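All remarks here apply to the structure that follows.
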Amino acid sequence: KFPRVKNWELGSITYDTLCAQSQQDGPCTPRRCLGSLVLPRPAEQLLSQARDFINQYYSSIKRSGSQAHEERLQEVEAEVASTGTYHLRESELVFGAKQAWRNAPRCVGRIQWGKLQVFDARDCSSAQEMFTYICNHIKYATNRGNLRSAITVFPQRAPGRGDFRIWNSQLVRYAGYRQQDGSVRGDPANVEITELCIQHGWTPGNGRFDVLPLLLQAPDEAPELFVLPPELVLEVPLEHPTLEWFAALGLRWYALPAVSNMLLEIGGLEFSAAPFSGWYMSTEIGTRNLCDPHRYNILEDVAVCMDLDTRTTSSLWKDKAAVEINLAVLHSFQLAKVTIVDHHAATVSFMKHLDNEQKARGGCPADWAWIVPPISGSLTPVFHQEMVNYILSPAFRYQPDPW
Amino acid sequence: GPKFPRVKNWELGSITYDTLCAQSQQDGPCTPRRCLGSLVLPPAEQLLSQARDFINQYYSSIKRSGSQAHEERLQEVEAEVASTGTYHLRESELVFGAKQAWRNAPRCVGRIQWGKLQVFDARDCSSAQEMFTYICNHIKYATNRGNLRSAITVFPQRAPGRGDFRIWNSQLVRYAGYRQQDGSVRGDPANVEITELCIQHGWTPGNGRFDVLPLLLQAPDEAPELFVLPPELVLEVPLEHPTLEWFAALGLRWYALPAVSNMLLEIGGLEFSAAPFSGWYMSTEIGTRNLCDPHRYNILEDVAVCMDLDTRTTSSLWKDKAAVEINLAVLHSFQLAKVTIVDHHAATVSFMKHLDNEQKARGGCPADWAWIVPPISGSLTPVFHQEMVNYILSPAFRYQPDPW
Ligand code: HEM
Ligand code: HEM
Ligand SMILES: N=C(Nc1cccc(COC[C@@H](CN)OCc2cccc(/N=C(/N)c3cccs3)c2)c1)c1cccs1
Ligand SMILES: N=C(Nc1cccc(COC[C@@H](CN)OCc2cccc(/N=C(\N)c3cccs3)c2)c1)c1cccs1
Ligand SMILES: C[C@H](O)[C@H](O)[C@H]1CNc2nc(N)[nH]c(=O)c2N1
Ligand SMILES: C[C@H](O)[C@H](O)[C@H]1CNc2nc(N)[nH]c(=O)c2N1
Ligand SMILES: [Zn+2]
């Protein structure tokens, strides 16, 4: 039985046959669905993942069964049999990184998947060198506000030694300073990394939007601290198109979302440090980062400024303030000429993506809870779209924190 | 760690383990290879085991497990099944089972109320005319002039050979949907099929946007019969907005009583094919889904234009702004009319309370995250941040094929 996938707004039906290509189990069983959980609840092994990936590559370039194909499978085989591991060619790495993005079920931005700048940093041997590559990535991806998706791939995990890691969860994160009275100044999501930085010798600030240094770690060495040059970190002050007091809130966000703690897996090889970046969808900032109760939690402040009745849920004060805050983000990014996409445009392009992928591959792995935006869910076409979630490789995965 | 699903709340940092899912006797649609959680619609000795399990649940709930009363009931059920192929529930077992089915429903955000359900036992009903009388009484009781009371009416169970009692309509109150010459719809497009069935069965159709449908009621082995709800039994709320004075001019309205009539209530393997139940609305059901879905009344653009918003560009957030005011209008109008309604913030807070209660009572709670999270303002509600485990327990409300 292959899944029947229905769109409830349009009445149309497709069948996902791509899910038969999945080789890794998810969290669900017949007895119970664990779909809403955030985190996951030998040589022959490597060799079959490696061959499968080599097959994916030669098929993508329309050279399946070529002499080039047969000989590359022999190289991979020879190298695994002798050494227990193998190495990718740059062109395979490029193909693999794009496929890992294509395959990411939680990503609404996958219409863009073919357009990814891949920096090969596999010749990196020190934390100092990782920093140089990271600075070049930021400069390239930022591009004065005309954002360009990029990934930098540092050296693969190797059976002997420690991993290359970027300890920070993103390349740009704001500090979170825990008070003696438990409360937090700045971003509560970043309390632990903030403390790690101070402990490794960073002189901390005391503002709401202090940009953290990077803790970069080469194998089996303590991490090293590197402050990002302020000119490399583009930020956008937040103002509202009609509410004058909104700028008085002193709010800002950074332009460049760059995730730096996920493991990249290609053909059985694992890249423990492979930071990737694109551009933001406005609800990430406007709704989650600014309005989550465990984040900057600004809903009440904005509601009061708007003079809303805060004493009762049924005035929909939270909803009204969230909308204005999202509007402010979109407005302020647009005024700063910094790439951003609203949740309506983003979900519409994802629907087009689902259709491209249906034709190209016979399905598309998608995690409904992550694709539907955190405000105005049913106002976007993705709410009414059934989705099938499953794990294809190449993949981005979670990995343990290195401390 | 415990060998049970670990469930995390990301707002609070707290962890529970669901041990109740161990009581699931019935598979869902997911496998290790793929998750199908977002899909909307994904006996002889078999009866006896379902029956025994249910009787065991009953005697547990009254604290007499392994008692002599418990063992005699088991024997009596097997005897009844032995000689008749079926069995029948005691009044108090029916009441316990109907509440349990509600308690068990993974898609219901209103379950904090599960213990407060008026169970009307209509297992003596023998005609479509009598079903109608029972339904009118249900509506009068549940509506209670706007102070809504949860209720279920239970018609006779499916019986070997004999045809089912069925209510053909999906709810007791539905507005007509009339297919137009140009291909668009007047009224509620959700109800085009039931509207045309009403016409095929002799109803004289109106032509407004909010025409209440007649009921199509079917007693065993008979053609359904058509019944018009007396207008004064169907409480409606005209919609106005607290500050936008033109909103009243739109002539929008919704009915007070949501009463689902096409689900099958399954208890101990017995099947109640006609068992309409009612509670009250969460405001987003009306203001977001019913009024704003593109395939429903689809009023977003009309409202946005009245608000003078920029409908030519997604990034004005015109849809979001209009939807908020429409939801506000629903809340304000039900409040002014003194008709029970619950907003999506208050409903989700109470559901978080429900989760805590069930963790202590039963060691978990089956919940369908996609359905529990409201359709506007998702992450503004505490349920967004709460992991949930979905599984099927019995007694259960289930979908059943349409009678036609
Ligand atoms: C080009 C613009 C892009 C947009 C607008 C975008 C949008 C998003 C959004 C909104 C999320 C959910 C994030 C959250 O809730 O915290 C996400 C998830 C993700 N996207 Fe993207 N995406 C983009 C490009 C990329 C790129 C370049 C990659 C990698 C090459 C990527 C890989 C991912 C992955 C792996 C996830 C899931 C992370 C997780 O499971 O925790 N996306 N995407
Ligand atoms: C007391 C007030 C109640 C509220 C506010 C409420 C709220 C809701 C809401 C919003 C839904 C989702 C409906 C949709 O999106 O179409 C739902 C689903 C459901 N509720 Fe309730 N509920 C209430 C009482 C009841 C009662 C009395 C029963 C039955 C005894 C019930 C059983 C159900 C079932 C079976 C579903 C799932 C329908 C399906 O799977 O298709 N609830 N509830
Ligand atoms: N507040 C309430 N809301 C509520 C509770 C439960 C159900 C409902 C409304 O029914 C939900 C229904 C309608 N969208 O969703 C499930 C469903 C069931 C059956 C058919 C559906 N759609 C179709 N048209 C089909 C496609 C293929 C076969 S049928 C969809 C509303 C209450 C009602 C009763 C007590 S509380
Ligand atoms: N627009 C973008 N946004 C984006 C894309 C992907 C990811 C992200 C941000 O990461 C999401 C993260 C952070 N909330 O959520 C999931 C997560 C991942 C890993 C660990 C998590 N939890 C923990 N670290 C734990 C704490 C205590 C025990 S475990 C939680 C943002 C882009 C980023 C890069 C290209 S596009
Ligand atoms: C419990 C729940 O799965 C969790 O809050 C998820 C829901 N959907 C999400 N969707 C996105 N895009 N990002 C998230 O962090 C989450 N969090
Ligand atoms: C495809 C998707 O499952 C579908 O649109 C669901 C999503 N969540 C829902 N949630 C509720 N409460 N009611 C619904 O009808 C739906 N529809
Ligand atoms: Zn699942």
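The numbers used for chain A are those of Swiss-Prot, and the residues that appear cover 69-109, 121-482, in sequence.
This entry, so its header tells us, was determined using X-ray crystallography, 2.0 Å.
Using N, Cα and C of the backbone, Cβ positions are placed for all residues, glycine too.
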Co-listed (6R)-L-erythro-5,6,7,8-tetrahydrobiopterin-binding residue [Swiss-Prot; alongside A:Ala448, A:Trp449, A:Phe462] among A:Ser104, A:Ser127, A:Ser138
A:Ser104
Cβ neighbour count within 10 Å of A:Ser104 ((6R)-L-erythro-5,6,7,8-tetrahydrobiopterin binding site):
26
Setting A:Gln249, A:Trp358, A:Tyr359, A:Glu363, A:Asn368 aside, what same-chain residues sit with their Cβ within 8 Å of the center of the Cβ atoms that define the L-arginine site, listed in sequence order?
A:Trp332, A:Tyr333, A:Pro336, A:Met360, A:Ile364
Filter the binding-site residues A:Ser104, A:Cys186, A:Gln249, A:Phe462, A:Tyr477 down to those with CB closer than 6 A to an atom of ligand 5; keep them in sequence order.
A:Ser104
A:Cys101 (Zn(2+) binding site) versus binding-site residues A:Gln249, A:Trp358, A:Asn368, A:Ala448, A:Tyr477 - nearest by Cα:
A:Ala448
List, in residue order, those binding-site residues out of A:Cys186, A:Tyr359, A:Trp449, A:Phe462 with a Cβ under 6 Å from any atom belonging to ligand 6.
A:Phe462
In this structure, the one of the binding-site residues A:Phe462, A:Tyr477 whose CB has the fewest other CB atoms within 10 Å is A:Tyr477
Given the binding-site residues A:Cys186, A:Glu363, A:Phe462, A:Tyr477, which one's Cα is the least distant from that of A:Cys96 (Zn(2+) binding site)?
A:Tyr477
Spatial neighbours of A:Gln249 (L-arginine binding site) that are distant in sequence (at least 6 apart) but have CB under 8 A:
A:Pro336, A:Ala337, A:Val338, A:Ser339, A:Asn340
For the binding-site residues A:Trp358, A:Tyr359, A:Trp449, the one whose C-beta sees the most other C-beta atoms within 10 angstroms:
A:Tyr359
